[PDB]
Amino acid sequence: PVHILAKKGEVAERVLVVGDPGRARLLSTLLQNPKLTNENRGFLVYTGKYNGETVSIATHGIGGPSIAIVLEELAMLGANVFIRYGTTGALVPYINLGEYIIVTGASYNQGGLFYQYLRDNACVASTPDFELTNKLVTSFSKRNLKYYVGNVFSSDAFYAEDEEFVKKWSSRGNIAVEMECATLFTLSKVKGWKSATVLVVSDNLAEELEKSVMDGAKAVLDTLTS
């Protein structure tokens, strides 16, 4: 690995992955005896214990290209179970800020990264691990957290203009927009890793937030160690 410099045996098999370096640090606090195993290129990685299991929390940055690099190197260091925990913008009216979205699949525009990895333009089913996702539902339900289950659109361009954006994607079965689930799910299927995702609704395109992010992390950590 040339980006994540952690030592082999310093990254757990179970990994909670977030996009924001600051969130990684904030959440490392939920682990027992956390140790910073990497800071190179800004990708903060912490390793500690939880519910009697070793777990790592890693930063993946923004976008398909970035998370692909991070996931590939973590895997080379021993990780094989990944749970994405990030933020998202809801595409439907009935979902409120601070509530969660457990992802069942990801829509995406083809090309680039997908072409290079897949070899052609086939629309390969971009979905998470079935078993793991149900465990997420079970952990969020037990902690009495308000969530919804559905697909999301993994955009590559945050600021690209598209006047019919919300209508187009929501009419396509997607309930929220984010940027790296398609890459995670598809690469995981190709490489044989077990993956899933839960998102915190931070905006609706159709201190209370800190609480929401903290509560969701506990459910995810519970899942990762179940």
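The term rigid core refers to the most C-alpha atoms you can superpose between the two forms while keeping them within 1.5 Å. Numbering starts at 1 and runs along the sequence shown.
Engineer: Core fit done; bigger CA RMS in 8 other deposited structures of this protein for 154 to 162 or for 60 to 68?
Structural biologist: Higher root mean square deviation of C-alphas in 8 other deposited structures of this protein is shown by 154 to 162.
Engineer: According to the entry, are there none, 1 to 3, 4 to 9, or 10 or more residues of the deposited sequence without coordinates between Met214 and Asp215?
Structural biologist: The entry leaves nothing out here.
Engineer: I need to verify one thing: averaged over C-alpha atoms only, is the B-factor higher for 179 to 187 or for 165 to 173?
Structural biologist: If you average the C-alpha B-factors of 179 to 187 and of 165 to 173, the larger mean comes out for 165 to 173.
Engineer: Given the B-factors recorded for C-alpha atoms, which segment has the greater mean, 84 to 92 or 135 to 143?
Structural biologist: Result of the comparison: 135 to 143.
Engineer: Among the candidates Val152, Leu77, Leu71, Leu118, give the one with the maximum CA B-factor reported in the record.
Structural biologist: Each of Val152, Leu77, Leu71, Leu118 was compared by C-alpha B-factor; the highest is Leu77.
Engineer: Please place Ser107 in the lowest, middle or highest third of its chain by C-alpha B factor as given in the entry.
Structural biologist: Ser107: CA B-factor falls in the lowest third of its chain.
Engineer: Can you tell me whether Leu31 has a C-alpha B-factor in the lowest, middle or highest third compared with the other modelled residues of the same chain?
Structural biologist: Middle third.
Engineer: Ordered by C-alpha B-factor within the chain, which third holds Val124? Give me lowest, middle or highest, please.
Structural biologist: According to the entry, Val124 has a C-alpha B-factor in the chain's lowest third.
Engineer: Check where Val15 lands among this chain's C-alpha B-factors and tell me if it's the lowest, middle or highest third.
Structural biologist: Bottom third by C-alpha B-factor.
Engineer: Rank-wise, by C-alpha B-factor, drop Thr197 into the lowest, middle or highest third of its chain.
Structural biologist: Ranked within chain, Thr197 CA B lands in the lowest tercile.
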